[PDB]
Amino acid sequence: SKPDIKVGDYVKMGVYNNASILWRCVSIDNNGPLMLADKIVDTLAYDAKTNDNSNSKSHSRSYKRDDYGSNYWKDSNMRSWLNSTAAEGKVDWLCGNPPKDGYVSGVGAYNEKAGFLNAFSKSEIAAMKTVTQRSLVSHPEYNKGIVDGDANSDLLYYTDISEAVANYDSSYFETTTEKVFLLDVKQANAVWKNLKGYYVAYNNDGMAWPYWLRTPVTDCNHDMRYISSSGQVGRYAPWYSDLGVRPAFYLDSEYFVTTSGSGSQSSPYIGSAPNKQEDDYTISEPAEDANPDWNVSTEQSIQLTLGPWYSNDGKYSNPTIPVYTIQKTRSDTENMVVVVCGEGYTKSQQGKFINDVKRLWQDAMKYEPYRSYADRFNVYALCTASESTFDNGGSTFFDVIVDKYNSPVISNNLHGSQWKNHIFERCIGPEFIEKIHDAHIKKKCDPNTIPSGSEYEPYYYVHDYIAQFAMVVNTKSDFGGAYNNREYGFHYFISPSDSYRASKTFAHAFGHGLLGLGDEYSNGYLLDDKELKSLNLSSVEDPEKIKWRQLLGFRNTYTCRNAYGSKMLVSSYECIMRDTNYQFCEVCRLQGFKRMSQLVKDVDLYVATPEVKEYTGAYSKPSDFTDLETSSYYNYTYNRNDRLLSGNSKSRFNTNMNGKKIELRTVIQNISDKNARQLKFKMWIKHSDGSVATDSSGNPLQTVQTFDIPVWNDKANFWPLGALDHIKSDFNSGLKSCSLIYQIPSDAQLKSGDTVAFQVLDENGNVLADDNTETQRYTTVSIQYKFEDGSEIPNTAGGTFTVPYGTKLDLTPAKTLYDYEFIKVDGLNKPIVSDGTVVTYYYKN
Ligand SMILES: [Zn+2]
Ligand SMILES: [Zn+2]
Ligand SMILES: [Zn+2]
């Protein structure tokens, strides 16, 4: 038969200690029916003290785990034993500290013990569903960024089972997938609710026994929550062998078939799932080779001579770094060159690096202000082999450590290399510019020698020719680092490859490095000179004096404090700089666009997406913008949406809007210091048919207003090429907030489906923006680099960037790709209309 598993069902699956284990389905939940050992299978210790390795995995993150053991579940001796089929003496102990004698209290010694699953048959293991569950993480874990999700709180400690679950879902967590697991607090309380006093365990004698739970004490580094004989959830040090094991699995109901039994306590459902197909169960990671080979091509490479100051141990004394062109739309001189490098990527895992870079890069290019410049970035991935992965703790190429604050820092001290943080500017950068870059600037100085006048001066050229240095770490850890002191040569960011926020963190850190933007969450008064120094942060309360006064009232720009009472002020509560979920704010888009325009010579104007809003007069004057609370910001956003007649709200227009003023508004920045720009704005009510709407007397309902945008004199002072810092500049230079207000006539003829239509025209009549722009379709373009015969050029991994629909890409193709010479381009100067359009640059050899 195929059973139906109810709460209280008893199954007899597997054998431990030569007795089949009676499991009971305590709860039914989303993953499946939950089977819990009826009696504590054995009396063992969650995790022994640190014996073998203290520099890798859980025992590394706190040194008190030498004394007591580790409350990390993924590494635990319990997870390793419960989920092992291994023969005796061969259980992989994931943390690397086995449950050896003298590290588990008392007799202990469950190293040399066969895995729990070893005596089981393969079919019985198949019947346990491989489930991905949240496991709360302790402070050593959540300060080294070992967290799969957003949630910020420590679990509150309540001993009663009723109150034990408090804060669980809001608590720090990471997701672990396994067949056999010890119950967490939520699941123990579920067992309680469904099955009364069954949450108190009983051993073979029948005396009540404490049993371990996988929930750690989030405030503590070693302690583990456990269920005692009385029934109190409590904390025990994990090294002790007094406490019991009550393993639980999730039945895979569909394949499961019970050959015998009714599921009663006396007569359990005896069953397994034969036809279910699985690779042999191994929670253990596959073992890669000691000496890898490159997954990727080495045909195009840069070779670095790193002396003692850069590699004191000597493992990177002459690295060969393969180079991959993810994007080379134009020449390096004309474009912004981004160099991404790899941390904790072994030779065999370099393909992953390339794909990761592509992933992250493309996701970053979905964000504006980058999207406007997507085709202007030259993107290069440098394959920097690491002897070990980041999580293995072996020597990594860049020596990245994570400090106590979750900050990822290249450590000069770790291998005793004083100048490791200077590797990008002094070692990697000069070689890239000499070899890969079209400028081919020969290296004037020896990084290994000592410069004569300023130890930081000669390397200043690197940052001109390379816009950004990025480091991607082969980690699911969540951390971000931005290092932006050009005087001392530091222009680089460190970000993770597979964190839940990997692409968001990448975009954020890129915003520091290239755009120059600061963290909007940071708390602290900005004094006068520092206040001039910050592009996106101000401590000026008065709306009339604030830097972004012109942009106030545009889209979601209301000036608000980042945190309560704080003297630090931001243009929008929702920006990527404060919260990585949210997109870049208008001040950031403007300032980053201006910075990138300094880097590339084509752009002449910035037109923010115009918005048509009804003109109540709310938020129309500087006084209205005085309140600086976050609540007031959200009230402004509500009023804006209730007024908005543009974009997605283009259909909010109605027959009643006669006698009502409507306001078209944009912010326009003139990127040209030399010549001022006259831009015409046209706003007419549009019938669904498409003809301009009329009043009763037939006069068209349309408004025209010509705004002249001034020159950008302070251009030289705002992030010029060749600039160490933004010491002072004027926000308002070259910036005009253009507002056209139209009184819809009181006698106007309005029908259903009429919508406001606006063209922002230049002098020649080219339409810079229109009512379709905000909603306009973005179509993916893939750039490919091929030989004449159609064979793929090696060391090129073309990315995908989004261009607006109907965009005709007109970018002079780069004369040379590596030593290859450009013969033709396919797909340029043609409307891009399909997602997945491919532009193929053909080079010859
Ligand atoms: Zn351990
Ligand atoms: Zn930041
Ligand atoms: Zn912002």
# chains A, B, ... in the order shown; residues from 1 in each chain; ligands from 1
call {"tool": "residues_around", "arguments": {"residues": "residue 79 (chain A)", "least_positions_apart": "4", "cutoff": "12 Å", "atoms": "only C-alpha atoms", "output": "MDAnalysis selection string"}}
result
chainID A and resid 45:47 71:75 83:84 91:95 98 115:117 135 176:183 212:214 245 247:248 282:284
call {"tool": "select_by_dssp", "arguments": {"residues": "region 447-490 of chain A", "states": "strand (DSSP E or B)", "output": "PDB file with C-alpha atoms, in the first residue's frame"}}
result
ATOM      1  CA  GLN A 468      37.407  50.792 -11.267  1.00  0.00           C
ATOM      2  CA  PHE A 469      39.052  47.797  -9.607  1.00  0.00           C
ATOM      3  CA  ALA A 470      36.675  45.114  -8.347  1.00  0.00           C
ATOM      4  CA  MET A 471      37.358  41.997  -6.296  1.00  0.00           C
ATOM      5  CA  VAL A 472      34.831  39.164  -6.322  1.00  0.00           C
ATOM      6  CA  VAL A 473      35.204  36.570  -3.572  1.00  0.00           C
ATOM      7  CA  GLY A 481      34.155  46.797   1.303  1.00  0.00           C
ATOM      8  CA  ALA A 482      34.946  50.046  -0.505  1.00  0.00           C
ATOM      9  CA  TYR A 483      38.451  51.516  -0.373  1.00  0.00           C
ATOM     10  CA  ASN A 484      38.716  54.907  -2.085  1.00  0.00           C
ATOM     11  CA  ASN A 485      41.858  56.820  -0.994  1.00  0.00           C
ATOM     12  CA  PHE A 490      43.539  52.629  -3.051  1.00  0.00           C
TER      13      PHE A 490
END
call {"tool": "atom_distance", "arguments": {"atom1": "CA of residue 269 (chain A)", "atom2": "CA of residue 255 (chain A)"}}
result
14.3 Å
call {"tool": "residues_near_ligand", "arguments": {"ligand": "ligand 1", "cutoff": "12 Å", "atoms": "only C-alpha atoms and all ligand atoms", "output": "PDB file with C-alpha atoms, in the first residue's frame"}}
result
ATOM      1  CA  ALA A  45      27.865  15.505  22.113  1.00  0.00           C
ATOM      2  CA  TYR A  46      26.827  18.112  19.556  1.00  0.00           C
ATOM      3  CA  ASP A  47      30.367  19.301  18.780  1.00  0.00           C
ATOM      4  CA  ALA A  48      33.698  18.571  20.445  1.00  0.00           C
ATOM      5  CA  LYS A  49      36.264  21.152  21.519  1.00  0.00           C
ATOM      6  CA  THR A  50      38.706  22.484  18.921  1.00  0.00           C
ATOM      7  CA  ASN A  51      41.399  19.844  18.439  1.00  0.00           C
ATOM      8  CA  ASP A  52      42.617  19.573  14.845  1.00  0.00           C
ATOM      9  CA  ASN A  53      41.997  22.765  12.849  1.00  0.00           C
ATOM     10  CA  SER A  54      41.416  26.131  14.526  1.00  0.00           C
ATOM     11  CA  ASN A  55      41.917  28.290  11.414  1.00  0.00           C
ATOM     12  CA  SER A  56      39.172  26.916   9.129  1.00  0.00           C
ATOM     13  CA  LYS A  57      35.379  26.838   9.449  1.00  0.00           C
ATOM     14  CA  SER A  58      33.326  27.260  12.627  1.00  0.00           C
ATOM     15  CA  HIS A  59      36.034  26.785  15.239  1.00  0.00           C
ATOM     16  CA  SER A  60      37.994  29.627  13.632  1.00  0.00           C
ATOM     17  CA  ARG A  61      35.334  32.293  14.113  1.00  0.00           C
ATOM     18  CA  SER A  62      35.463  32.185  17.926  1.00  0.00           C
ATOM     19  CA  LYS A  64      36.065  30.191  22.937  1.00  0.00           C
ATOM     20  CA  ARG A  65      35.072  27.184  20.831  1.00  0.00           C
ATOM     21  CA  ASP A  66      38.404  25.659  21.802  1.00  0.00           C
ATOM     22  CA  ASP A  67      37.032  25.572  25.341  1.00  0.00           C
ATOM     23  CA  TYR A  68      33.460  24.469  24.681  1.00  0.00           C
ATOM     24  CA  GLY A  69      32.754  23.493  21.068  1.00  0.00           C
ATOM     25  CA  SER A  70      30.963  25.244  18.225  1.00  0.00           C
ATOM     26  CA  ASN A  71      27.273  26.033  18.002  1.00  0.00           C
ATOM     27  CA  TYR A  72      27.394  26.149  14.166  1.00  0.00           C
ATOM     28  CA  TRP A  73      25.087  23.426  12.833  1.00  0.00           C
ATOM     29  CA  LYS A  74      26.462  23.147   9.303  1.00  0.00           C
ATOM     30  CA  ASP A  75      29.958  22.205  10.537  1.00  0.00           C
ATOM     31  CA  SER A  76      28.844  20.254  13.574  1.00  0.00           C
ATOM     32  CA  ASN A  77      29.955  16.797  14.563  1.00  0.00           C
ATOM     33  CA  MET A  78      26.240  16.064  14.944  1.00  0.00           C
ATOM     34  CA  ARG A  79      25.312  17.032  11.382  1.00  0.00           C
ATOM     35  CA  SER A  80      28.304  15.080  10.082  1.00  0.00           C
ATOM     36  CA  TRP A  81      27.419  11.928  12.032  1.00  0.00           C
ATOM     37  CA  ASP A  92      33.851  13.109   7.470  1.00  0.00           C
ATOM     38  CA  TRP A  93      33.782  15.600  10.305  1.00  0.00           C
ATOM     39  CA  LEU A  94      32.822  18.754   8.486  1.00  0.00           C
ATOM     40  CA  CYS A  95      34.333  21.245  10.927  1.00  0.00           C
ATOM     41  CA  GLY A  96      37.632  19.364  10.899  1.00  0.00           C
ATOM     42  CA  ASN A  97      37.700  18.807  14.645  1.00  0.00           C
ATOM     43  CA  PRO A  98      36.499  15.219  15.163  1.00  0.00           C
ATOM     44  CA  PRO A  99      34.768  14.023  18.360  1.00  0.00           C
ATOM     45  CA  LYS A 100      38.048  12.646  19.656  1.00  0.00           C
ATOM     46  CA  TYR A 103      37.377  16.903  23.415  1.00  0.00           C
ATOM     47  CA  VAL A 104      33.973  15.437  24.234  1.00  0.00           C
ATOM     48  CA  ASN A 221      29.599  31.606  20.635  1.00  0.00           C
ATOM     49  CA  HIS A 222      29.529  28.049  21.970  1.00  0.00           C
ATOM     50  CA  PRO A 238      28.038  21.458  23.067  1.00  0.00           C
ATOM     51  CA  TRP A 239      31.068  19.421  24.095  1.00  0.00           C
TER      52      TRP A 239
END
call {"tool": "atom_distance", "arguments": {"atom1": "CA of residue 305 (chain A)", "atom2": "CA of residue 435 (chain A)"}}
result
14.4 Å
call {"tool": "residues_around", "arguments": {"residues": "residue 829 (chain A)", "least_positions_apart": "2", "cutoff": "8 Å", "atoms": "only C-alpha atoms", "output": "PyMOL selection string"}}
result
chain A and resi 808-810+827+831
call {"tool": "closest_atom_pairs", "arguments": {"of": "chain A", "to": "ligand 2", "cutoff": "9 Å", "atoms": "only C-alpha atoms and all ligand atoms", "output": "JSON lines"}}
result
{"residue": "A:480", "atom": "CA", "partner": "ligand 2", "partner_atom_place_in_ligand_line": "1 (Zn)", "distance": 7.3}
{"residue": "A:481", "atom": "CA", "partner": "ligand 2", "partner_atom_place_in_ligand_line": "1 (Zn)", "distance": 7.3}
{"residue": "A:482", "atom": "CA", "partner": "ligand 2", "partner_atom_place_in_ligand_line": "1 (Zn)", "distance": 6.7}
{"residue": "A:505", "atom": "CA", "partner": "ligand 2", "partner_atom_place_in_ligand_line": "1 (Zn)", "distance": 8.2}
{"residue": "A:508", "atom": "CA", "partner": "ligand 2", "partner_atom_place_in_ligand_line": "1 (Zn)", "distance": 6.0}
{"residue": "A:509", "atom": "CA", "partner": "ligand 2", "partner_atom_place_in_ligand_line": "1 (Zn)", "distance": 5.6}
{"residue": "A:510", "atom": "CA", "partner": "ligand 2", "partner_atom_place_in_ligand_line": "1 (Zn)", "distance": 8.9}
{"residue": "A:511", "atom": "CA", "partner": "ligand 2", "partner_atom_place_in_ligand_line": "1 (Zn)", "distance": 7.9}
{"residue": "A:512", "atom": "CA", "partner": "ligand 2", "partner_atom_place_in_ligand_line": "1 (Zn)", "distance": 6.4}
{"residue": "A:517", "atom": "CA", "partner": "ligand 2", "partner_atom_place_in_ligand_line": "1 (Zn)", "distance": 8.2}
{"residue": "A:518", "atom": "CA", "partner": "ligand 2", "partner_atom_place_in_ligand_line": "1 (Zn)", "distance": 6.3}
{"residue": "A:519", "atom": "CA", "partner": "ligand 2", "partner_atom_place_in_ligand_line": "1 (Zn)", "distance": 4.6}
{"residue": "A:520", "atom": "CA", "partner": "ligand 2", "partner_atom_place_in_ligand_line": "1 (Zn)", "distance": 7.9}
{"residue": "A:521", "atom": "CA", "partner": "ligand 2", "partner_atom_place_in_ligand_line": "1 (Zn)", "distance": 8.7}
{"residue": "A:576", "atom": "CA", "partner": "ligand 2", "partner_atom_place_in_ligand_line": "1 (Zn)", "distance": 8.7}
{"residue": "A:577", "atom": "CA", "partner": "ligand 2", "partner_atom_place_in_ligand_line": "1 (Zn)", "distance": 5.8}
{"residue": "A:578", "atom": "CA", "partner": "ligand 2", "partner_atom_place_in_ligand_line": "1 (Zn)", "distance": 7.8}
call {"tool": "residues_near_ligand", "arguments": {"ligand": "ligand 3", "cutoff": "10 Å", "atoms": "only C-alpha atoms and all ligand atoms", "output": "VMD selection string"}}
result
chain A and resid 508 511 517 to 520 535 to 537 557 570 to 579 582 to 592
call {"tool": "write_last_selection", "arguments": {"atoms": "N, CA and C atoms", "output": "PDB file, in the first residue's frame"}}
result
ATOM      1  N   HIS A 508      26.157  48.698  -5.306  1.00  0.00           N
ATOM      2  CA  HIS A 508      26.416  49.638  -4.222  1.00  0.00           C
ATOM      3  C   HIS A 508      27.893  50.038  -4.135  1.00  0.00           C
ATOM      4  N   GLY A 511      29.031  52.047  -6.838  1.00  0.00           N
ATOM      5  CA  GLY A 511      28.594  53.416  -6.627  1.00  0.00           C
ATOM      6  C   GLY A 511      29.564  54.227  -5.797  1.00  0.00           C
ATOM      7  N   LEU A 517      29.819  58.152  -4.463  1.00  0.00           N
ATOM      8  CA  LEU A 517      28.750  58.334  -3.499  1.00  0.00           C
ATOM      9  C   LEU A 517      29.104  57.704  -2.158  1.00  0.00           C
ATOM     10  N   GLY A 518      28.549  58.273  -1.087  1.00  0.00           N
ATOM     11  CA  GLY A 518      28.764  57.776   0.251  1.00  0.00           C
ATOM     12  C   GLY A 518      27.598  56.947   0.770  1.00  0.00           C
ATOM     13  N   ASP A 519      27.846  56.292   1.901  1.00  0.00           N
ATOM     14  CA  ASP A 519      26.828  55.499   2.573  1.00  0.00           C
ATOM     15  C   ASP A 519      25.788  56.424   3.180  1.00  0.00           C
ATOM     16  N   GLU A 520      24.520  56.184   2.864  1.00  0.00           N
ATOM     17  CA  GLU A 520      23.495  57.089   3.356  1.00  0.00           C
ATOM     18  C   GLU A 520      23.052  56.724   4.767  1.00  0.00           C
ATOM     19  N   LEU A 535      28.874  64.144  -2.068  1.00  0.00           N
ATOM     20  CA  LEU A 535      27.971  64.320  -3.197  1.00  0.00           C
ATOM     21  C   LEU A 535      26.518  64.063  -2.810  1.00  0.00           C
ATOM     22  N   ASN A 536      26.263  63.047  -1.985  1.00  0.00           N
ATOM     23  CA  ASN A 536      24.898  62.619  -1.721  1.00  0.00           C
ATOM     24  C   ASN A 536      24.454  62.768  -0.273  1.00  0.00           C
ATOM     25  N   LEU A 537      25.296  63.288   0.612  1.00  0.00           N
ATOM     26  CA  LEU A 537      24.947  63.442   2.015  1.00  0.00           C
ATOM     27  C   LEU A 537      25.152  64.885   2.449  1.00  0.00           C
ATOM     28  N   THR A 557      12.314  62.783  -4.077  1.00  0.00           N
ATOM     29  CA  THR A 557      13.358  63.534  -3.391  1.00  0.00           C
ATOM     30  C   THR A 557      12.709  64.407  -2.326  1.00  0.00           C
ATOM     31  N   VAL A 570      19.723  62.744   3.913  1.00  0.00           N
ATOM     32  CA  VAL A 570      19.752  62.104   2.604  1.00  0.00           C
ATOM     33  C   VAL A 570      18.554  62.579   1.786  1.00  0.00           C
ATOM     34  N   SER A 571      18.669  62.472   0.457  1.00  0.00           N
ATOM     35  CA  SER A 571      17.634  63.002  -0.432  1.00  0.00           C
ATOM     36  C   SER A 571      16.399  62.114  -0.467  1.00  0.00           C
ATOM     37  N   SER A 572      16.568  60.819  -0.246  1.00  0.00           N
ATOM     38  CA  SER A 572      15.466  59.872  -0.250  1.00  0.00           C
ATOM     39  C   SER A 572      15.744  58.800   0.783  1.00  0.00           C
ATOM     40  N   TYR A 573      14.703  58.362   1.492  1.00  0.00           N
ATOM     41  CA  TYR A 573      14.903  57.253   2.415  1.00  0.00           C
ATOM     42  C   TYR A 573      15.280  55.995   1.657  1.00  0.00           C
ATOM     43  N   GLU A 574      14.802  55.857   0.433  1.00  0.00           N
ATOM     44  CA  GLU A 574      15.029  54.658  -0.354  1.00  0.00           C
ATOM     45  C   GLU A 574      16.111  54.909  -1.397  1.00  0.00           C
ATOM     46  N   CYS A 575      17.343  54.522  -1.076  1.00  0.00           N
ATOM     47  CA  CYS A 575      18.433  54.506  -2.040  1.00  0.00           C
ATOM     48  C   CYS A 575      19.227  53.233  -1.816  1.00  0.00           C
ATOM     49  N   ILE A 576      19.943  52.799  -2.853  1.00  0.00           N
ATOM     50  CA  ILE A 576      20.774  51.612  -2.703  1.00  0.00           C
ATOM     51  C   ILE A 576      21.840  51.852  -1.647  1.00  0.00           C
ATOM     52  N   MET A 577      22.256  53.108  -1.476  1.00  0.00           N
ATOM     53  CA  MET A 577      23.332  53.396  -0.537  1.00  0.00           C
ATOM     54  C   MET A 577      22.887  53.179   0.902  1.00  0.00           C
ATOM     55  N   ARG A 578      21.636  53.500   1.227  1.00  0.00           N
ATOM     56  CA  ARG A 578      21.147  53.164   2.560  1.00  0.00           C
ATOM     57  C   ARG A 578      20.764  51.691   2.644  1.00  0.00           C
ATOM     58  N   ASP A 579      19.821  51.258   1.811  1.00  0.00           N
ATOM     59  CA  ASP A 579      19.361  49.876   1.777  1.00  0.00           C
ATOM     60  C   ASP A 579      19.635  49.292   0.399  1.00  0.00           C
ATOM     61  N   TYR A 582      16.749  48.865  -2.415  1.00  0.00           N
ATOM     62  CA  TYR A 582      16.209  49.980  -3.174  1.00  0.00           C
ATOM     63  C   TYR A 582      17.177  50.414  -4.277  1.00  0.00           C
ATOM     64  N   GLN A 583      16.652  51.145  -5.262  1.00  0.00           N
ATOM     65  CA  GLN A 583      17.416  51.629  -6.408  1.00  0.00           C
ATOM     66  C   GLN A 583      18.088  52.970  -6.094  1.00  0.00           C
ATOM     67  N   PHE A 584      18.965  53.413  -6.998  1.00  0.00           N
ATOM     68  CA  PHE A 584      19.668  54.683  -6.817  1.00  0.00           C
ATOM     69  C   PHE A 584      18.692  55.855  -6.835  1.00  0.00           C
ATOM     70  N   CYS A 585      18.933  56.836  -5.967  1.00  0.00           N
ATOM     71  CA  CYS A 585      18.082  58.014  -5.890  1.00  0.00           C
ATOM     72  C   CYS A 585      18.504  59.055  -6.923  1.00  0.00           C
ATOM     73  N   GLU A 586      17.677  60.095  -7.054  1.00  0.00           N
ATOM     74  CA  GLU A 586      17.872  61.084  -8.109  1.00  0.00           C
ATOM     75  C   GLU A 586      19.177  61.845  -7.935  1.00  0.00           C
ATOM     76  N   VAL A 587      19.518  62.215  -6.701  1.00  0.00           N
ATOM     77  CA  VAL A 587      20.786  62.898  -6.467  1.00  0.00           C
ATOM     78  C   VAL A 587      21.945  61.999  -6.873  1.00  0.00           C
ATOM     79  N   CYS A 588      21.866  60.712  -6.532  1.00  0.00           N
ATOM     80  CA  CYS A 588      22.909  59.763  -6.913  1.00  0.00           C
ATOM     81  C   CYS A 588      22.963  59.556  -8.420  1.00  0.00           C
ATOM     82  N   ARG A 589      21.807  59.454  -9.077  1.00  0.00           N
ATOM     83  CA  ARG A 589      21.801  59.300 -10.526  1.00  0.00           C
ATOM     84  C   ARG A 589      22.424  60.510 -11.203  1.00  0.00           C
ATOM     85  N   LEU A 590      22.078  61.712 -10.745  1.00  0.00           N
ATOM     86  CA  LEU A 590      22.655  62.926 -11.308  1.00  0.00           C
ATOM     87  C   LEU A 590      24.163  62.970 -11.093  1.00  0.00           C
ATOM     88  N   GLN A 591      24.605  62.769  -9.850  1.00  0.00           N
ATOM     89  CA  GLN A 591      26.021  62.929  -9.537  1.00  0.00           C
ATOM     90  C   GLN A 591      26.863  61.827 -10.177  1.00  0.00           C
ATOM     91  N   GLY A 592      26.356  60.593 -10.198  1.00  0.00           N
ATOM     92  CA  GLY A 592      27.066  59.519 -10.871  1.00  0.00           C
ATOM     93  C   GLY A 592      27.123  59.696 -12.375  1.00  0.00           C
TER      94      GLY A 592
END
call {"tool": "closest_residue", "arguments": {"among": "A:399, A:197, A:330, A:296", "to": "residue 343 (chain A)", "atoms": "only C-alpha atoms"}}
result
A:399
call {"tool": "atom_distance", "arguments": {"atom1": "CA of residue 621 (chain A)", "atom2": "CA of residue 524 (chain A)"}}
result
28.0 Å
call {"tool": "closest_residue", "arguments": {"among": "A:528, A:434, A:498, A:695", "to": "residue 359 (chain A)", "atoms": "only C-alpha atoms"}}
result
A:498
call {"tool": "residues_around", "arguments": {"residues": "residue 251 (chain A)", "least_positions_apart": "6", "cutoff": "7 Å", "atoms": "only C-alpha atoms", "output": "PyMOL selection string"}}
result
chain A and resi 32-35+127-129
call {"tool": "write_last_selection", "arguments": {"atoms": "N, CA and C atoms", "output": "compact mmCIF listing (two decimals), in the first residue's frame"}}
result
# COMPACT_ATOMS: atom_id res chain seq x y z
N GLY A 32 7.26 18.59 4.24
CA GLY A 32 6.69 17.26 4.21
C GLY A 32 6.18 16.84 5.58
N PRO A 33 5.88 15.55 5.76
CA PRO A 33 5.68 15.04 7.11
C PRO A 33 7.01 14.92 7.83
N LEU A 34 7.01 15.26 9.12
CA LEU A 34 8.23 15.32 9.91
C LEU A 34 8.29 14.13 10.86
N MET A 35 9.33 13.32 10.71
CA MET A 35 9.52 12.09 11.46
C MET A 35 10.60 12.32 12.51
N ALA A 127 14.05 7.53 1.17
CA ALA A 127 12.75 7.94 1.69
C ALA A 127 12.81 9.20 2.54
N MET A 128 14.00 9.68 2.89
CA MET A 128 14.16 10.92 3.63
C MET A 128 14.40 12.03 2.62
N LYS A 129 13.48 12.97 2.58
CA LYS A 129 13.54 14.06 1.62
C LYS A 129 14.70 14.99 1.95
call {"tool": "decode", "arguments": {"residues": "region 88-99 of chain A", "atoms": "N, CA, C and O atoms", "output": "PDB file, in the first residue's frame"}}
result
ATOM      1  N   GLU A  88      33.192   2.659   9.808  1.00  0.00           N
ATOM      2  CA  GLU A  88      33.742   3.128  11.070  1.00  0.00           C
ATOM      3  C   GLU A  88      35.149   3.680  10.892  1.00  0.00           C
ATOM      4  O   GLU A  88      35.999   3.068  10.245  1.00  0.00           O
ATOM      5  N   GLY A  89      35.392   4.840  11.494  1.00  0.00           N
ATOM      6  CA  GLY A  89      36.654   5.531  11.358  1.00  0.00           C
ATOM      7  C   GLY A  89      36.765   6.418  10.143  1.00  0.00           C
ATOM      8  O   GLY A  89      37.848   6.958   9.889  1.00  0.00           O
ATOM      9  N   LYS A  90      35.681   6.596   9.386  1.00  0.00           N
ATOM     10  CA  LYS A  90      35.737   7.344   8.138  1.00  0.00           C
ATOM     11  C   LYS A  90      34.680   8.434   8.030  1.00  0.00           C
ATOM     12  O   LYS A  90      34.536   9.020   6.951  1.00  0.00           O
ATOM     13  N   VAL A  91      33.919   8.712   9.090  1.00  0.00           N
ATOM     14  CA  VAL A  91      32.944   9.786   8.992  1.00  0.00           C
ATOM     15  C   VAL A  91      33.691  11.080   8.735  1.00  0.00           C
ATOM     16  O   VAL A  91      34.630  11.430   9.458  1.00  0.00           O
ATOM     17  N   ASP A  92      33.321  11.772   7.663  1.00  0.00           N
ATOM     18  CA  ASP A  92      33.851  13.109   7.470  1.00  0.00           C
ATOM     19  C   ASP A  92      33.306  13.990   8.573  1.00  0.00           C
ATOM     20  O   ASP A  92      32.096  14.047   8.798  1.00  0.00           O
ATOM     21  N   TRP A  93      34.196  14.640   9.300  1.00  0.00           N
ATOM     22  CA  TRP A  93      33.782  15.600  10.305  1.00  0.00           C
ATOM     23  C   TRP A  93      33.947  16.970   9.680  1.00  0.00           C
ATOM     24  O   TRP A  93      35.072  17.413   9.430  1.00  0.00           O
ATOM     25  N   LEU A  94      32.816  17.611   9.386  1.00  0.00           N
ATOM     26  CA  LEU A  94      32.822  18.754   8.486  1.00  0.00           C
ATOM     27  C   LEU A  94      33.649  19.901   9.046  1.00  0.00           C
ATOM     28  O   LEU A  94      34.344  20.593   8.293  1.00  0.00           O
ATOM     29  N   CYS A  95      33.607  20.113  10.363  1.00  0.00           N
ATOM     30  CA  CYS A  95      34.333  21.245  10.927  1.00  0.00           C
ATOM     31  C   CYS A  95      35.831  20.977  10.970  1.00  0.00           C
ATOM     32  O   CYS A  95      36.630  21.913  11.075  1.00  0.00           O
ATOM     33  N   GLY A  96      36.234  19.718  10.848  1.00  0.00           N
ATOM     34  CA  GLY A  96      37.632  19.364  10.899  1.00  0.00           C
ATOM     35  C   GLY A  96      38.155  19.073  12.281  1.00  0.00           C
ATOM     36  O   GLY A  96      39.330  18.717  12.418  1.00  0.00           O
ATOM     37  N   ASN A  97      37.333  19.225  13.304  1.00  0.00           N
ATOM     38  CA  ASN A  97      37.700  18.807  14.645  1.00  0.00           C
ATOM     39  C   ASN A  97      36.825  17.621  15.013  1.00  0.00           C
ATOM     40  O   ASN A  97      35.635  17.806  15.309  1.00  0.00           O
ATOM     41  N   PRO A  98      37.340  16.397  14.955  1.00  0.00           N
ATOM     42  CA  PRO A  98      36.499  15.219  15.163  1.00  0.00           C
ATOM     43  C   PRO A  98      36.130  15.065  16.624  1.00  0.00           C
ATOM     44  O   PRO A  98      36.736  15.710  17.489  1.00  0.00           O
ATOM     45  N   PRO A  99      35.128  14.235  16.945  1.00  0.00           N
ATOM     46  CA  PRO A  99      34.768  14.023  18.360  1.00  0.00           C
ATOM     47  C   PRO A  99      35.730  13.057  19.036  1.00  0.00           C
ATOM     48  O   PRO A  99      35.383  11.945  19.444  1.00  0.00           O
TER      49      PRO A  99
END
